[PDB]
Every structure is written in C-alpha cells, then in structure tokens.
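[1] the data below comprise the sequence and an experimental structure of the protein.
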Amino acid sequence: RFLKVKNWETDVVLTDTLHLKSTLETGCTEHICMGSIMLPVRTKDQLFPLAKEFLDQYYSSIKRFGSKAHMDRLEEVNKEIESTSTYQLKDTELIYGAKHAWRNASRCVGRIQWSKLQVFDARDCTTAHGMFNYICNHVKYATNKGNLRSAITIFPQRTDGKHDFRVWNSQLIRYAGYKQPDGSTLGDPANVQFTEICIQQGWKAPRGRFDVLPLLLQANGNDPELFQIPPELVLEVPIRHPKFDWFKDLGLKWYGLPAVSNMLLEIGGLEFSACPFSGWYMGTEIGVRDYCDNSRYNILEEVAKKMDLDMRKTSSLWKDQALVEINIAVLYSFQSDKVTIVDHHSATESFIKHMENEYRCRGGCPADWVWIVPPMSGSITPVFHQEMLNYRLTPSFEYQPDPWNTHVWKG
Amino acid sequence: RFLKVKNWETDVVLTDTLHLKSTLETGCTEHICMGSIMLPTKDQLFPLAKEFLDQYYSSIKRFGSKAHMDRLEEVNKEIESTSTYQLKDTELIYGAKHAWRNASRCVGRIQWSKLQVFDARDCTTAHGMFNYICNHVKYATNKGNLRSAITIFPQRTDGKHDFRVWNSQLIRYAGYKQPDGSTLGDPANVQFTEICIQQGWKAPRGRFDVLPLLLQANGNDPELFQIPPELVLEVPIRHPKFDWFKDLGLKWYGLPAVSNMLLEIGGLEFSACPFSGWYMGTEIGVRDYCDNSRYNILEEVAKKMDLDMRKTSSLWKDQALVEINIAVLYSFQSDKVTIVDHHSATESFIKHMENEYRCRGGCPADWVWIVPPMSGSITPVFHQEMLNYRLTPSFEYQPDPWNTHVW
Ligand code: HEM
Ligand code: HEM
Ligand SMILES: Cc1cc(N)nc(C[C@H]2CNC[C@H]2OCCNCc2ccco2)c1
Ligand SMILES: Cc1cc(N)nc(C[C@H]2CNC[C@H]2OCCNCc2ccco2)c1
Ligand SMILES: C[C@H](O)[C@H](O)[C@H]1CNc2nc(N)[nH]c(=O)c2N1
Ligand SMILES: C[C@H](O)[C@H](O)[C@H]1CNc2nc(N)[nH]c(=O)c2N1
Ligand SMILES: [Zn+2]
C-alpha cells in the first residue's frame, strides 16, 4: 500500500511505502489518536525473528543479501541464541544499528546528520569506574573545544534484567535543583528528585543555581556510584545579548553538550539499557524550554521586567517579546564562543530536505509533528506546514523506567 | 478502556471515559499515526437518529420517559415513511451546540453553550439565503461586540438538491494573479475569485476586496451578492509603538465565519451551516499575514524595523512576527472589536477541558490544531496531553462545490 503526505505551503506530495516495514505499535487506534501522549527478559522464541529481521536489513544495506556471509551469520546467530539464549553483535552491526536507531527516531529534527555518528563500543566495560572513564572520553571527544561532534557510547546489553548497566542521569550534563523550605527552587526544578538522590548517595552540593550534577553510574546491576566529571571537560557558555547589556547580569549560562543518557537502544532484539548519546543544540531547547518553561528556570518575568514591557495584560504580548530576546541571546552567545548551535529556522529547513531525500531513497521518514515543530514561532517554520506519518521502525531508541523506581538495592 | 491524560507543567492527570462513546474513525491505526494529516439509506439513518435522541433525552434528564419513547417511535415512523425525518427546534439547537462542543480542533469551546442558532430550514432560494446571511452577519457583528451564531439551511435530501455557500468563509479578501507573476491580495482565494469573475463579478482588483457571496439553493446554479459594506466591520492595522506600521496599508475583517463545512445531527446532513465567533489574534497576525502562501508580509515589516535579514539566527522573522501580532491585537482592541489573544484563549481552553473532564468524562482535542502557531510552549496547551476522537453531532469537511456541481 501507498500513503501520501502533502506540504500545504509548497503543494509537494510525497508517497510513503516504508511504513509497511513497521512492527511496533503507535498507541493509536481507528477510534482514538494518542499522537500528543508523551509516554505511550526476552525469550528465544521472540529473539530469533528479531535477530533475523535485523540481519536481513544489515545485509541488504551492504548489498550482500542472501550471500554466503549473510547465510553463515544467520546460522551463527541462530546457534548462539539456542545455546546461550542471547547473541553478540559484530562491531559493524553495532555501528549500523546505532546509526539506524537515530535515523528512525521520529521525534528528532536533527536527523539529516544520522550517518555521521561516532560510535564508542563500551561492551567490554565491567564497573562504574569503567563507565566513568568511557563517559569522560565521550564528553571530551564530542565537545572537541566547541566544534561539537555527534557520538554515542554503548555499554553491555541486558542479560537477565538483573545485571543492567544504567546511567541514572537523564542527560550526562545537567544542573542541580534544590527545593527550599519556603517552596521556591534553586537551580533547575526538573532535577530536584535526582539531586536529592545524589545528595543521599554522598554528593556534597555547592547549592548554587548552575551546579553541574555528578554522574551516577550503575554497572552489572550493582548499586550506582557517584563521579564528578572533570570541570575542564564541561564546556559552558555565559549568556549575553547583542544589544541589551543588562542581560549578562541575569547571571545565566548553559552547557554546550546535549547528551541524553536514560534511553534504551534496541538492535536486533538486544537491549542496550545504557547508551548515552550526544549531538549539538537547537537554540530553542535552551531559550524556550530550559529557560522559559514555567516548571524550569522560568525567566520570562524577570527578562520582561528588565525590558520594561507592559506586563499588566497578556495581550501586550510581553511574554512573546521577552521570549524572542532570550532566544536571540542564546544563539548570539554560543556563536560568539564558537560553540556549535543551530537556530530553529535552519534546523527545520534542513529537516524538510532530509525528509524529502528519505522519501526518495528510503520510501519514507517517520516523523512526530508534535515534537518536530519548534516550541516558538511554529508556523513560520516549514515543518508546521508538512504532513508527517508517525510509525515505529527498529533499530530504535525507547524510553525506560527511571532506575530508582526499579533497582533492587544491594546495600 | 479508561485513558489518562497528563499535563506536564502542572502534573494534573485527568481520566477520559468519553472516548468510548466515540462513533467515527480517526485515520490512525496501531501501526500508523495520522495525527498531522489535514484531511484524513433508510437502514443507516435509524441507528443514527436513535443514538442522537437518546443523548438528547438524557441531557434534559428524561431518558427512558414516555416522551422519549414516543419521539423515538414518531421518528421511526417518519423514516419508514419518508426516508428522512425533521428535527424539533429544541433538537436542532441542542445538536448545533453539541457539534461545536465536539469540535476537537477548536480552542474556543469554553463558549459552546452560548450559540445563537438561526433556523433557516424554510429557505428556498439564493436571495433567501442572502437575506438570512446578512441577518446573521449583522447579529454576530453587533457593532464590534461579537456574538457567536450559526445559520442552518435545509438538510440534504437526495443529494441533488444541496444548499451550499460556495465561499470558504462569509467574509474573505479577493486574490488575483498578475501579469507580473506575483499575487495581489489573498493568494488562497485566487481560484474562488476567478469563479466569481467567471459568473460575472465586478472585481475592483485591489488588495483587500471583500469577496461577493456565491450562494447555491436547492441544488441550483449559484448566484452572486455583495454584502452591504456597512455590515462588514473591518479594522485598519496600526502599532502602539511604530508610527510607520499604518503605511503598510493593512486591514482585516472582524468576523471569522466558516461557511463550507457540513453539520451532521442525528444522521441528518446540513451542507450549508455558516457559523461565526470572534478571532484569536494569531489567526490573522501569524497565519493570514505571515504564511508564505498568504499575505506573506514578514520581509516588508522586518525591513521597516531595520533588522539584520542576512542570517536566520538573528531571529528577524521571530521579532517581526511578534510585532505584527501586537499590532493586530492593539488595533481590534482600540476599535472595540472583540478579539482574544492566544495566552487568554489557551488558558480558557484548559479550564474548559477540566470542566468537560469533570462534567462529561472528557473532551476530544486535536493538539496539532489547539496549540497556537506562535509561542507554542509558553501557552499551557503545549504541555497538555489531549486525546483526539470523533463524536457526533459534528462539523465535517466536504468537497468544494465547484468540483461536484453540474451546471
Ligand atoms: C546533531 C544535532 C542534533 C540536533 C540539533 C537534534 C535535535 C533534537 C531535538 C530538538 C529533539 C527534541 C528534544 C526535546 O524537546 O526534548 C531531539 C530528540 C531526539 N533526538 Fe536528536 N538531535 C541531534 C542529534 C541526535 C543524536 C546524535 C541522536 C542519537 C544518536 C539523537 C536522537 C534523538 C532521540 C532518540 C530524540 C527523542 C528524545 C526523547 O524522546 O526525549 N539526536 N533531537
Ligand atoms: C467564539 C470564539 C471562537 C474562537 C476564539 C475559536 C477559535 C478557533 C480557532 C483558532 C480555530 C482554528 C482555525 C484555523 O486555524 O484554521 C478554530 C477551529 C474551529 N472552530 Fe472555533 N472558535 C470560536 C467559535 C466557534 C464557533 C461559534 C464554532 C461553531 C459553532 C466553532 C467551530 C470550529 C470548528 C468546526 C473548527 C475547525 C475548523 C476547521 O477544521 O477548519 N468555533 N476555532
Ligand atoms: C542528542 C541530543 C541533541 C539535541 N540537540 N537535543 C537533545 C535533547 C536534550 C537537550 N534538550 C532537551 C533534552 O532532551 C531531554 C529528553 N527529552 C524530553 C523528555 C522527557 C521525558 C520524555 O521525553 C538530544
Ligand atoms: C468560527 C471561527 C472562529 C474563529 N476564531 N476562527 C475560525 C477559523 C477561521 C478564521 N481563521 C481561519 C478560518 O478557518 C478556515 C478553516 N480552517 C482551516 C482549513 C483550511 C482547509 C481545511 O481547514 C472560525
Ligand atoms: C503533551 C505534549 O505532547 C508534550 O508537552 C510535548 C509536546 N511537544 C514536544 N516537543 C518537543 N520537541 N519536546 C517536548 O518535550 C515536547 N513536549
Ligand atoms: C500539516 C499540518 O497538519 C498543518 O500545517 C496544520 C498544523 N496545525 C494547524 N493548526 C491550526 N489551528 N490551523 C491549521 O491550519 C493548521 N495546519
Ligand atoms: Zn494518531
């Protein structure tokens, strides 16, 4: 079957056939659309089909489908599964699998870059100290003194689900949040519970507004351990505005490396529960979401105060005005310090080009409109006007429960 | 079967049960989400009538009463005999209000129970339709103090005698392609403008010419009518800070009035049912003015502001966007023409959602449409999970008449 999507700005119509290779479920039915829902131990029986499907994709991609090498690899994996109940990926397969999980990530606007991903194979890791060393190396490599390079580090796969590797941090680099007795929050309100966990584990908290959190690392199902990333490895950007000289005195900064560390990478039915990955920022992630969400740094009022905007009625659009100025500041600051960043106009235009190329060469590009459209200035970006089809392909990145909710404490 | 929605800003979780009363289909499957797609007999009619009358009698707390059983019988007899049926005034009013209540793409539904319903089921000609519509327009406008209204023309019969308003909205501006290759006025309306001309219209050929109504009664050929200009309330656009803003020569109309949809009530189809409310500022300032395929005014405005248009990262589009939208709101407010900003309308919609969850067990909502086209995440609806499903009575899209009609 064929499905069409239209761009309502250009009248360009694309035809999706790739959705036919979709296995996982969306959450939607013919009677309900769950498109705006945020969050909607394997046996041998379920594993060989998943392995076979993956290896068929891999071998097609290298133009060796049905070759002796393809057939021998199927037989070898087959035997490994029946005898050991799992299997190991070849290095080439791991790399392919990680690149494809990114390519298939329908909530990611940055996918034009998918084929340029440095993969660090950390499957020989055994301890939390080992994980710390791997993660420092990834941070240093990815940071590259401001010239950011995409990377992912992949720790050993799940076995019985009792021996999981996990990074407890939601991102490798984030700021602490501290709930005060008066109910106000110092730092990032998103990180309060995690900060509290770190403190209980023995972290000495400086208790400021931008304290970089320690890494909390779990190897082989053991209790997690704390490590401080060397500060010289944490690139940060002080935020200033090109025209407003008082902007610097708001005391804002942000880190340059966006690096998600709490997702699960599935490749050929194997589950990599610790697979931190990083790219570079789109400005709005910081300027809109991190700074201006009511439940995050919430700076809108203080900025608009300083700008002397009319704040007595929402219809003056003071919030919208202060919002644009903050986002100008973020982009100006990163550019001035030569730290890679992309604005939402550039990123969305590139995404449309990527999506069109994917339809031509791949037969489709699963995309989640709710996530792809930037959180300011939606309709003056081309993605707002682009119909998208959302479906799930593997290899993939998936959510998983927070480890403090499930971990069996050893003591 | 029972579904949760969470607001990620406030942690408020609501439980939806209303979706189980859902009739029509979404376009989505377990394999594919089509959430961002814009447009995805006697035997058939009785279940539809019964479903509707049950909910009606339930609403007036008379479910299972003799009057309920008697009406279901009377409608059954009428369908068996005539192949259709007629709604009581009370049913028509209830049905229209509920089609609005059920409109998953509408942010303004807190207002759904204050809808003036004009019953135009006795209309027979296009001049009649014109009269009804002028009366609707004048009532709704109310000298700037806008009141929500719908006018309901006769229902479909055999489908060869359709009433239709060919216009997409009652009030829109003409669009003309130039020898130049550019577009004068609204590029969205070029095809409709040519159809008007093809049928005789005296196109003044300007940037903001109120289109004529093109009205089809009883399946006949449509006829042209100019709405009396004193009935079309328009607003000149100026900025509270920028004295140069007026020189762009921008104006818009005060009355948003969709006229091309189909109202379905109890299986009956009302193919001409123009309805109107009042604007949310972004519809004009973001969409009408700034879409590239619309008036597309960002470049001109940015130039007048003397912003750096060399690089996208100066956010010159975003700066101008905000100013254009401040101007729209300021102008309407200054001329006392009802308008709502996107902060206010979305805050109201959240309150409405909570009311609907509490009093009805849910509220179908299409996040893609509900979140405003600017400043998305600084409005509360951005952080609100929404379930989208189709309830009846409903408003539905229908084919443009010029493709269907035979002359
Ligand atoms: C190279 C520069 C990149 C840019 C500008 C970018 C952009 C983004 C943005 C803006 C989001 C939404 C984030 C949010 O709102 O929470 C996102 C999501 C995501 N991206 Fe990227 N991305 C990049 C690289 C990467 C890389 C290297 C990977 C993995 C190898 C990746 C995989 C993902 C995934 C799985 C999501 C969904 C996250 C979630 O559900 O929370 N992206 N991307
Ligand atoms: C009273 C003030 C109202 C406000 C502020 C409002 C707000 C809106 C907005 C912003 C849209 C999106 C339109 C677009 O982006 O193209 C919309 C759509 C819609 N509204 Fe309302 N609305 C109001 C009254 C009404 C009334 C009176 C009705 C019917 C009785 C109605 C039914 C609908 C329907 C069916 C849609 C979807 C239209 C489509 O799919 O193109 N609304 N509403
Ligand atoms: C690799 C990468 C690159 C990039 N530009 N942005 C990201 C996303 C990071 C940087 N900004 C927000 C954060 O995402 C956090 C995870 N997504 C939100 C979420 C929270 C719960 C479920 O989904 C990741
Ligand atoms: C009753 C009403 C009130 C209001 N504030 N806004 C509207 C919507 C009007 C005023 N601005 C856009 C237009 O709707 C056009 C129809 N929707 C867009 C569309 C185009 C094709 C399919 O769907 C209607
Ligand atoms: C409820 C809603 O799905 C939720 O707030 C989503 C909307 N779109 C988003 N889009 C991006 N890129 N990131 C997000 O966190 C969200 N949040
Ligand atoms: C393709 C996409 O669905 C399309 O651009 C939609 C997005 N959201 C919208 N939202 C509203 N309110 N009105 C619209 O016309 C649209 N257009
Ligand atoms: Zn869906």
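    Thanks, I have it. Numbers count the residues shown, from 1 in each chain, chains lettered A, B, ... in the order given. Ligands and ions are numbered 1, 2, ... in the order given.
[2] all helices of chain A, in order?
    Per DSSP state H, chain A carries helices over the ranges A:44-61, A:68-84, A:91-103, A:128-143, A:192-200, A:283-284, A:291-292, A:300-306, A:318-336, A:344-362, A:369-372, A:403-406.
[3] of those, which is nearest ligand 6?
    Closest approach to ligand 6 among the helices of chain A is made by helix A:369-372 (6.5 Å; CB to the nearest ligand atom). In short, each C-beta sits where N, CA and C put it, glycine included.
[4] any residue of the closest one touching ligand 5?
    Yes. Using CB under 6 Å from any ligand atom, helix A:369-372 reaches ligand 5 at A:370-371.
[5] re the thing from before, of the helices of chain A, which stretch is the most buried?
    For the helices of chain A, the largest average neighbour count (mean count of other CB atoms under 10 Å in any protein chain shown) is found in helix A:283-284, namely a mean of 28.
[6] from the contact counts, what lies against that helix?
    Judged by 3 or more CB pairs under 8 Å, 6 or more residues apart in numbering or on different chains; DSSP states H and E, helix A:283-284 is in contact with helix A:318-336.
[7] go ahead and flag the most central residue of chain A.
    Centroid-nearest residue in chain A: residue A:260, 4.4 Å away (criterion: CA atoms, centre = their mean).
[8] identify whichever of the helices of chain A lies nearest to ligand 7.
    Ranking the helices of chain A by proximity to ligand 7 (CB to the ion) places helix A:369-372 first, at 9.9 Å.
[9] that older thread, is it possible to get TSV of the helices of chain A that adds distance to residue A:25?
    Formatted as TSV, the helices of chain A follow (distance: least, CB to CB, whole Å):
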stretch	distance to residue A:25
helix A:44-61	15
helix A:68-84	24
helix A:91-103	18
helix A:128-143	33
helix A:192-200	30
helix A:283-284	30
helix A:291-292	34
helix A:300-306	38
helix A:318-336	36
helix A:344-362	21
helix A:369-372	17
helix A:403-406	23
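[10] ranges for the strands of the stretch 151-300 of chain A?
    Ranges of strands within the stretch 151-300 of chain A are A:151-154, A:166-167, A:177-179, A:185-187, A:215-218, A:225-227, A:236-238, A:253-255, A:259-260, A:264-267, A:270-272, A:277-278, A:281-282, based on DSSP state E, counting those that start in this stretch.
[11] out of the ones you listed, nearest to ligand 7?
    Closest approach to ligand 7 among these (CB to the ion): strand A:264-267, 22.0 Å.
[12] so what are the sheet partners of that closest one and their directions?
    strand A:270-272 (antiparallel), strand A:396-398 (antiparallel) (DSSP bridges).
[13] which residue lies farthest from the center of chain A?
    Residue farthest from the centre of chain A, counting by CA atoms, centre = their mean, is residue A:312 at 38.1 Å.
[14] quick check: residue A:93 vs ligand 1, distance?
    16 Å (CB to the nearest ligand atom, to the nearest Å).
[15] ok, and the closest non-adjacent residue to that residue?
    Of all residues not flanking residue A:93 in the chain, residue A:58 sits nearest, at 5.6 Å (CB to CB, 6 or more residues apart in numbering or on different chains).
[16] out of the strands of the stretch 151-300 of chain A, the one nearest ligand 4 is which?
    Closest among those, once you apply CB to the nearest ligand atom, is strand A:281-282, at 28.2 Å.
[17] show me what that closest one packs onto, helices and strands only.
    Secondary elements touching strand A:281-282 (3+ CB pairs under 8 Å, 6+ apart): strand A:341-342.
[18] around ligand 3, pick out the residues from chain A.
    Contact residues (CB under 6 Å from any ligand atom) of chain A with ligand 3: A:38, A:110, A:171, A:258, A:260, A:277-282, A:285.
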